[PDB]
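The data block below is start-v1.pdb; it holds PDB, C-alpha atoms.
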ATOM      1  CA  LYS A   1       1.681 -50.329 -16.127  1.00  0.00           C
ATOM      2  CA  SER A   2       0.513 -51.437 -12.702  1.00  0.00           C
ATOM      3  CA  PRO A   3       1.010 -54.917 -11.233  1.00  0.00           C
ATOM      4  CA  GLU A   4      -2.708 -55.522 -10.868  1.00  0.00           C
ATOM      5  CA  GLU A   5      -3.306 -54.923 -14.558  1.00  0.00           C
ATOM      6  CA  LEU A   6      -0.294 -56.939 -15.651  1.00  0.00           C
ATOM      7  CA  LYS A   7      -1.411 -59.763 -13.391  1.00  0.00           C
ATOM      8  CA  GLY A   8      -4.926 -59.823 -14.791  1.00  0.00           C
ATOM      9  CA  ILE A   9      -3.458 -59.174 -18.218  1.00  0.00           C
ATOM     10  CA  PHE A  10      -1.475 -62.395 -18.093  1.00  0.00           C
ATOM     11  CA  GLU A  11      -4.563 -64.345 -17.102  1.00  0.00           C
ATOM     12  CA  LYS A  12      -6.756 -62.570 -19.625  1.00  0.00           C
ATOM     13  CA  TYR A  13      -4.344 -64.191 -22.049  1.00  0.00           C
ATOM     14  CA  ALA A  14      -3.707 -67.439 -20.213  1.00  0.00           C
ATOM     15  CA  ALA A  15      -7.467 -67.866 -20.127  1.00  0.00           C
ATOM     16  CA  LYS A  16      -7.490 -67.930 -23.911  1.00  0.00           C
ATOM     17  CA  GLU A  17      -5.163 -70.900 -24.213  1.00  0.00           C
ATOM     18  CA  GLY A  18      -5.122 -73.539 -21.502  1.00  0.00           C
ATOM     19  CA  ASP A  19      -5.981 -72.789 -17.893  1.00  0.00           C
ATOM     20  CA  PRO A  20      -5.541 -69.253 -16.544  1.00  0.00           C
ATOM     21  CA  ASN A  21      -2.177 -70.389 -15.230  1.00  0.00           C
ATOM     22  CA  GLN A  22      -1.103 -71.728 -18.603  1.00  0.00           C
ATOM     23  CA  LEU A  23       0.484 -69.693 -21.372  1.00  0.00           C
ATOM     24  CA  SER A  24       1.187 -70.418 -25.020  1.00  0.00           C
ATOM     25  CA  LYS A  25       3.840 -69.376 -27.511  1.00  0.00           C
ATOM     26  CA  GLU A  26       1.278 -67.737 -29.766  1.00  0.00           C
ATOM     27  CA  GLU A  27      -0.238 -66.252 -26.632  1.00  0.00           C
ATOM     28  CA  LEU A  28       2.892 -64.978 -24.924  1.00  0.00           C
ATOM     29  CA  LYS A  29       3.924 -63.602 -28.296  1.00  0.00           C
ATOM     30  CA  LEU A  30       0.995 -61.208 -28.174  1.00  0.00           C
ATOM     31  CA  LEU A  31       1.643 -60.368 -24.541  1.00  0.00           C
ATOM     32  CA  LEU A  32       5.346 -59.798 -25.074  1.00  0.00           C
ATOM     33  CA  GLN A  33       4.069 -57.811 -28.033  1.00  0.00           C
ATOM     34  CA  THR A  34       1.994 -55.307 -26.096  1.00  0.00           C
ATOM     35  CA  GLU A  35       3.179 -56.063 -22.581  1.00  0.00           C
ATOM     36  CA  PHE A  36       6.854 -55.719 -23.419  1.00  0.00           C
ATOM     37  CA  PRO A  37       7.943 -55.747 -27.070  1.00  0.00           C
ATOM     38  CA  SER A  38      11.413 -54.776 -25.912  1.00  0.00           C
ATOM     39  CA  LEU A  39      11.796 -58.029 -24.017  1.00  0.00           C
ATOM     40  CA  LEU A  40      11.410 -59.690 -27.395  1.00  0.00           C
ATOM     41  CA  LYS A  41      14.334 -57.812 -28.894  1.00  0.00           C
ATOM     42  CA  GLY A  42      16.297 -58.887 -25.842  1.00  0.00           C
ATOM     43  CA  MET A  43      18.737 -61.775 -26.038  1.00  0.00           C
ATOM     44  CA  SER A  44      15.755 -63.924 -25.136  1.00  0.00           C
ATOM     45  CA  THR A  45      13.814 -64.609 -28.313  1.00  0.00           C
ATOM     46  CA  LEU A  46      10.291 -65.989 -28.436  1.00  0.00           C
ATOM     47  CA  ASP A  47      11.471 -69.563 -28.842  1.00  0.00           C
ATOM     48  CA  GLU A  48      14.086 -68.845 -26.203  1.00  0.00           C
ATOM     49  CA  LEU A  49      11.380 -67.633 -23.850  1.00  0.00           C
ATOM     50  CA  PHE A  50       8.916 -70.383 -24.683  1.00  0.00           C
ATOM     51  CA  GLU A  51      11.662 -72.960 -24.300  1.00  0.00           C
ATOM     52  CA  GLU A  52      13.306 -71.242 -21.355  1.00  0.00           C
ATOM     53  CA  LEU A  53      10.017 -70.742 -19.549  1.00  0.00           C
ATOM     54  CA  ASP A  54       8.710 -74.147 -20.561  1.00  0.00           C
ATOM     55  CA  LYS A  55      10.834 -76.232 -18.221  1.00  0.00           C
ATOM     56  CA  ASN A  56       8.812 -79.427 -18.374  1.00  0.00           C
ATOM     57  CA  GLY A  57       7.862 -82.315 -20.630  1.00  0.00           C
ATOM     58  CA  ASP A  58       4.690 -81.087 -22.291  1.00  0.00           C
ATOM     59  CA  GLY A  59       5.297 -77.775 -24.018  1.00  0.00           C
ATOM     60  CA  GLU A  60       3.507 -74.903 -22.323  1.00  0.00           C
ATOM     61  CA  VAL A  61       4.211 -71.885 -20.151  1.00  0.00           C
ATOM     62  CA  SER A  62       2.565 -70.918 -16.882  1.00  0.00           C
ATOM     63  CA  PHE A  63       2.291 -68.005 -14.481  1.00  0.00           C
ATOM     64  CA  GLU A  64       4.834 -69.680 -12.232  1.00  0.00           C
ATOM     65  CA  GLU A  65       7.397 -70.449 -14.909  1.00  0.00           C
ATOM     66  CA  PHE A  66       6.433 -67.081 -16.341  1.00  0.00           C
ATOM     67  CA  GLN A  67       6.948 -65.142 -13.131  1.00  0.00           C
ATOM     68  CA  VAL A  68      10.591 -65.939 -13.784  1.00  0.00           C
ATOM     69  CA  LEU A  69      10.419 -63.437 -16.619  1.00  0.00           C
ATOM     70  CA  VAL A  70       8.346 -60.941 -14.669  1.00  0.00           C
ATOM     71  CA  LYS A  71      10.929 -60.918 -11.903  1.00  0.00           C
ATOM     72  CA  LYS A  72      13.552 -60.249 -14.548  1.00  0.00           C
ATOM     73  CA  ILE A  73      11.237 -57.607 -15.956  1.00  0.00           C
ATOM     74  CA  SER A  74      10.685 -55.850 -12.649  1.00  0.00           C
ATOM     75  CA  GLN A  75      14.091 -56.594 -11.176  1.00  0.00           C
TER      76      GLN A  75
END

For the file at hand, write its structure as structure tokens.
Amino acid sequence: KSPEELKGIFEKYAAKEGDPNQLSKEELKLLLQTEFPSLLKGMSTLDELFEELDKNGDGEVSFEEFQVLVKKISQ
């Protein structure tokens, strides 16, 4: 609900896989599951998100690349 929670929430998940600033498909999935399951139904599918967010040569999301979604979530 709040930004503080969401923030920590992301980490609480990012902590699981990779650094606290690193996200994972399987991870985000869950998040997008509880966090915002509607964002999943959106035109941006999991893969779409994972791929969209993951804008590098490694294969992994991060708070930064993720914030792009948050902004779209809030804005």

request  = Give as a list in words the residues that the PyMOL selection byres ((chain A and resi 46-61) around 8) matches when applied to the coordinates above.
outcome  =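 Here the PyMOL selection byres ((chain A and resi 46-61) around 8) matches residues 22, 23, 24, 25, 29, 40, 44, 45, 62, 63, 65, 66, 68 and 69 of chain A.
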
Residues selected by the PyMOL selection byres ((chain A and resi 3-10) around 12), written as a tab-separated table (two decimals) with C-alpha atoms, in the coordinates of the input:
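Final output, saved to out15.tsv:
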chain	number	residue	atom	x	y	z
A	1	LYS	CA	1.68	-50.33	-16.13
A	2	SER	CA	0.51	-51.44	-12.70
A	11	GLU	CA	-4.56	-64.34	-17.10
A	12	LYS	CA	-6.76	-62.57	-19.62
A	13	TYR	CA	-4.34	-64.19	-22.05
A	14	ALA	CA	-3.71	-67.44	-20.21
A	15	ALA	CA	-7.47	-67.87	-20.13
A	16	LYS	CA	-7.49	-67.93	-23.91
A	17	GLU	CA	-5.16	-70.90	-24.21
A	19	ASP	CA	-5.98	-72.79	-17.89
A	20	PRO	CA	-5.54	-69.25	-16.54
A	21	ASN	CA	-2.18	-70.39	-15.23
A	22	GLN	CA	-1.10	-71.73	-18.60
A	23	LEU	CA	0.48	-69.69	-21.37
A	24	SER	CA	1.19	-70.42	-25.02
A	27	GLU	CA	-0.24	-66.25	-26.63
A	28	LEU	CA	2.89	-64.98	-24.92
A	29	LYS	CA	3.92	-63.60	-28.30
A	30	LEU	CA	1.00	-61.21	-28.17
A	31	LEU	CA	1.64	-60.37	-24.54
A	32	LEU	CA	5.35	-59.80	-25.07
A	34	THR	CA	1.99	-55.31	-26.10
A	35	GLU	CA	3.18	-56.06	-22.58
A	36	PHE	CA	6.85	-55.72	-23.42
A	61	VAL	CA	4.21	-71.89	-20.15
A	62	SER	CA	2.56	-70.92	-16.88
A	63	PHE	CA	2.29	-68.00	-14.48
A	64	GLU	CA	4.83	-69.68	-12.23
A	66	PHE	CA	6.43	-67.08	-16.34
A	67	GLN	CA	6.95	-65.14	-13.13
A	70	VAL	CA	8.35	-60.94	-14.67
A	71	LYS	CA	10.93	-60.92	-11.90
A	73	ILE	CA	11.24	-57.61	-15.96
A	74	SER	CA	10.68	-55.85	-12.65

Take every atom of range 4-22 of chain A listed in the file, fit an axis-aligned box around them, add 5 Å per side, and give the centre and edge lengths in Å to one decimal as lines of an AutoDock Vina configuration file.
center_x = -3.9
center_y = -64.2
center_z = -17.5
size_x = 17.2
size_y = 28.6
size_z = 23.3
